[PDB]
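Below sits a lone chain in structure tokens, taken as the form deposited without its partner chain.
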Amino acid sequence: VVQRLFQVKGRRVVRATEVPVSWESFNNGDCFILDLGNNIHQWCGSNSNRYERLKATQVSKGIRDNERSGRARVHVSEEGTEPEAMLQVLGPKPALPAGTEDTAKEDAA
């Protein structure tokens, strides 16, 4: 059973990092990829930036094309439009926190 969650965060340096499969991983300032195998859920918070939304597409389509040999379908959603399939895995959505600053220019990135 494939269930993975990626946090997609940054501005000039955007990274996708695997995090625990939980609503507690989400915030409204980043994008998240909930990978369910033959379906990949691309979710972006209201305060996600354009570079995160772009990279979320690259990651979801890269899983689809490179890991799943094109077989999977990517579905785009946002807060309040989550597909039933997402809620079946994560449970009902709680109130979500804000993100943190994306730029960390002096820190190893």
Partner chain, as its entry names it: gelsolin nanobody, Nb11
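Residue numbers count along the first chain shown, from 1.
The same protein has a further form, the form deposited with its partner chain bound, not shown here; the description that follows concerns it.
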Taking its partner chain as it sits in the entry with it bound, is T81 in contact with it (heavy atom to heavy atom, 4.5 Å or less)? yes
Is there a heavy atom of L96 lying 4.5 Å or less from a heavy atom of its partner chain in the entry with it bound? no
Although its partner chain is absent from this view, report whether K61 comes within 4.5 Å of it in the entry with it bound, heavy atoms only. no
From first to last in sequence, which residues of 57-81 have any non-hydrogen atom within 4.5 angstroms of its partner chain in the entry with it bound? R73, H75, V76, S77, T81
